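Rule-based calculations on the coordinates, nothing more; no lab input. Cβ sites come from the backbone with ideal geometry, for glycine too, and all protein chains shown count toward neighbours.
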Amino acid sequence: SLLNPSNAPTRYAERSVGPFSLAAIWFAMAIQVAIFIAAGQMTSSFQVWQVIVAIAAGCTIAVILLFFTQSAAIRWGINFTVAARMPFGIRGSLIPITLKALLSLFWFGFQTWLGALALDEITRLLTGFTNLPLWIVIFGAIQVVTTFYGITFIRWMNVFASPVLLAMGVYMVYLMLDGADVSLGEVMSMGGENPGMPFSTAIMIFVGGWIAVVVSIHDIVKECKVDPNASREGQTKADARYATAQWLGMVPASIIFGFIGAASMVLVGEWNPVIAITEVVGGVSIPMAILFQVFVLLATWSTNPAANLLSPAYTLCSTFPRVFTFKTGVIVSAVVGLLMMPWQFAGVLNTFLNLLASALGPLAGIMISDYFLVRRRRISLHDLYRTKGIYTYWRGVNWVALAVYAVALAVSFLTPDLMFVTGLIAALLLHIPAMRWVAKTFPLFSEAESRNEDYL
Ligand SMILES: O=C1NC(=O)[C@H](Cc2ccccc2)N1
Ligand code: NA
């Protein structure tokens, strides 16, 4: 048996996140430093308005993906890590999941670093003392302790941060434009003096940014509010209402701040607004500096925990259920996380994000396909928490599913600038015959699936 109270499905009565709250999480979750860098470097290949469009487009494909990847977690309250057990093995799932938990972990140490940088700047602008590693640990630690309160903290922290973050950001645009004596429309076309990159791969970069979060949203949305007595059409509007809520959360947020990163680049040559606003205005008071850094901290806290730490946590406590608990998995994830020292990763993010998309495209494709197409939303919670059942396949691993991943990954390379969308579509479609083959040896359904409601 693989069940324990932390890795258990989330009961209808235990659910706490409705459609408005999820938007309020995504809005503050999109406001984070790394989009300054991405949208900034984009000004090299396109002008600002197109970048904004590449952002809105990439945001929209992500949501279209969310509509599908979130449906099982909302309805059934389950983990990502647990949900992967279906197409891949009960253990075989650990392979892509280790890929993904690593990715997730990489991002956690990166933003903790940016967060640490901020707190260290606030202090050295008050005391000249400038030790970063201590402030690294202390922040990593602070996130852990606030992450202990799981989605309860996350949800309260993001609703109050959201408008403040929204205001600090709208303010930021005024200060630049004013102090540079430039209208909004003028800045909207100042970029793109070094073309070469296709516009499709641009969209693919902002998609590749949130690919990890979207593919494992489960860990957030298994907490969302559901009415068990809906219907096909009421379940679908529910899915759509949530997907819509995620759209209105991540788009307007990441457009305003994407624009700020781009504007910084194009006005002053740096994606970082600290520099861009400092120059344009010719220095700023110690208060108004400390402020900016309070922003960065506020912008990191609303994203890092929820997006980067939740999912490896649940991976530990659900694979080693008697060894780890949620709270302990959080401690182990944040330690490993920082010990990956990701702040030394050579290159730029864009290409990394281009890496991330074509690396998880088939994963999202195989999960959407197994649940929606092969099984028709008809799943067995019972077997997901047991070493030997209809999801065990060949001694815990479904090699055919690991094969479809490879094959789809290959075909993906045949279309480098659209890798992700070909790899998803390839994995999606191939899972169908592959699964109609495995179904001749192993069963796709189980009697125990009638105990589903016992869990809820
Ligand atoms: O999946 C993740 N986790 C992260 O921290 C980053 C956040 C991000 C950076 C740049 C563009 C979109 C999302 N992406
Ligand atoms: Na944030």
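The combined condition, being within 17 Å of residue 60 (Cβ to Cβ), within 15 Å of ligand 1 (Cβ to nearest atom), part of a helix (DSSP H, G or I) and not hydrophobic (A, V, I, L, M, F, W, C), is fulfilled by residue 249. On the stretch given as the stretch 316-335, residues that are within 15 Å of ligand 1 (Cβ to nearest atom) and basic (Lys, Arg) total 0.
Condition check: crowded, with 18+ Cβ neighbours inside 10 Å, in contact with a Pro (Cβ under 8 Å, 6 or more places away or on another chain) and among the hydroxyl-bearing types (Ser, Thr, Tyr). Does residue 405 satisfy that? Show your work before the answer.
Numbers: crowded, with 18+ Cβ neighbours inside 10 Å: yes; in contact with a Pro (Cβ under 8 Å, 6 or more places away or on another chain): yes; among the hydroxyl-bearing types (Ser, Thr, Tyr): yes.
Answer is yes for this residue.
Could you list, in sequence order, all residues of the stretch 284-315 that are within 17 Å of residue 27 (Cβ to Cβ) and either surrounded by fewer than 18 Cβ atoms within 10 Å (Cβ to Cβ) or away from ligand 1 (no atom under 15 Å from the Cβ) (or both)? The answer is 295, 298.
Okay, residues lined up against (1) crowded, with 16+ Cβ neighbours inside 10 Å; (2) among the charged types (D, E, K, R):
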residue: 347; (1), (2): no, no
residue: 380; (1), (2): yes, no
residue: 383; (1), (2): yes, yes
residue: 392; (1), (2): yes, no
residue: 412; (1), (2): yes, no
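Checked against (1) surrounded by 24 or more Cβ atoms within 10 Å (Cβ to Cβ); (2) small (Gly, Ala, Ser); (3) away from ligand 2 (no atom under 15 Å from the Cβ), residue 28 meets all criteria but (3).
Across the stretch 34-55, the qualifying residues are those that are among the aliphatic types (A, V, I, L, M), farther than 12 Å from residue 254 by Cβ and crowded, with 21+ Cβ neighbours inside 10 Å, and the one among them that is farthest from ligand 1 (Cβ to nearest atom) is 48.
Answer yes or no: is there a residue in the stretch 241-256 that is within 30 Å of residue 101 (Cβ to Cβ), within 16 Å of ligand 2 (Cβ to nearest atom), of a type in the set (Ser, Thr, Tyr) and buried (at least 24 other Cβ atoms within 10 Å of the Cβ). Looking for residues that are within 30 Å of residue 101 (Cβ to Cβ), within 16 Å of ligand 2 (Cβ to nearest atom), of a type in the set (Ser, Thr, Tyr) and buried (at least 24 other Cβ atoms within 10 Å of the Cβ), one finds at least one in the stretch 241-256, hence yes.
Go through 260, 290 for me and flag whichever is over 23 Å from residue 149 (Cβ atoms), within 16 Å of ligand 2 (Cβ to nearest atom) and either without any contact (Cβ under 8 Å) to a residue 12 or more places away in the chain or in a helix (DSSP H, G or I) (or both). Show your work before the answer.
Details: 290 fails: within 16 Å of ligand 2 (Cβ to nearest atom).
The unique qualifying residue is 260.
So which residues in the stretch 211-232 are assigned to a loop (DSSP other than H, G, I, E, B) and small (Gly, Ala, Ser)? Once the filter is applied, which keeps residues that are assigned to a loop (DSSP other than H, G, I, E, B) and small (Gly, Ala, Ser), the stretch 211-232 yields 216, 230, 231. Checked against the criterion of being more than 30 Å from residue 279 (Cα to Cα), within 16 Å of ligand 1 (Cβ to nearest atom) and in a helix (DSSP H, G or I), the stretch 187-203 has at least one qualifying residue.
For the stretch 110-129, the condition holds for no residue, the condition being that it is part of a helix (DSSP H, G or I) and within 30 Å of residue 11 (Cα to Cα).
Just a yes or no: is a residue in the stretch 8-17 within 24 Å of residue 380 (Cβ to Cβ), of a type in the set (A, V, I, L, M, F, W, C), away from ligand 1 (no atom under 16 Å from the Cβ) and more than 17 Å from the chain's Cα centre (by Cα)? Talk me through it step by step, then tell me what you get.
So in the stretch 8-17, the residues within 24 Å of residue 380 (Cβ to Cβ) come out as 8-15.
Narrowing further to those that are of a type in the set (A, V, I, L, M, F, W, C): 8, 13.
Adding the requirement that they be away from ligand 1 (no atom under 16 Å from the Cβ) leaves 8, 13.
Within this subset, residues satisfying the condition of being more than 17 Å from the chain's Cα centre (by Cα) are 8, 13.
Yes, that holds for at least one residue.
When the residues of the stretch 121-138 are narrowed to those that are in contact (Cβ under 8 Å) with a residue 60 or more places away in the chain and buried (at least 16 other Cβ atoms within 10 Å of the Cβ), which ends up nearest to residue 223 (Cα to Cα)?
The extreme case among them is 136.
Annotation note: Cβ proximity below 7 Å between a residue of the stretch 160-172 that is over 13 Å from residue 291 (Cβ atoms) and a residue that is outside any helix (DSSP H, G or I) and within 13 Å of ligand 2 (Cβ to nearest atom) (sequence gap 6+ or interchain) occurs for 161/302. For the stretch 179-229, a residue qualifies if it is exposed (fewer than 14 other Cβ atoms within 10 Å of the Cβ) and in contact with a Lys or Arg (Cβ under 9 Å, 6 or more places away or on another chain), and exactly one does: 228.
Is there a residue in the stretch 134-148 that is over 20 Å from residue 301 (Cα atoms) and assigned to a loop (DSSP other than H, G, I, E, B)?
Filtering the stretch 134-148 down to residues over 20 Å from residue 301 (Cα atoms) leaves none.
There is no residue in the stretch 134-148 that is over 20 Å from residue 301 (Cα atoms) and assigned to a loop (DSSP other than H, G, I, E, B).
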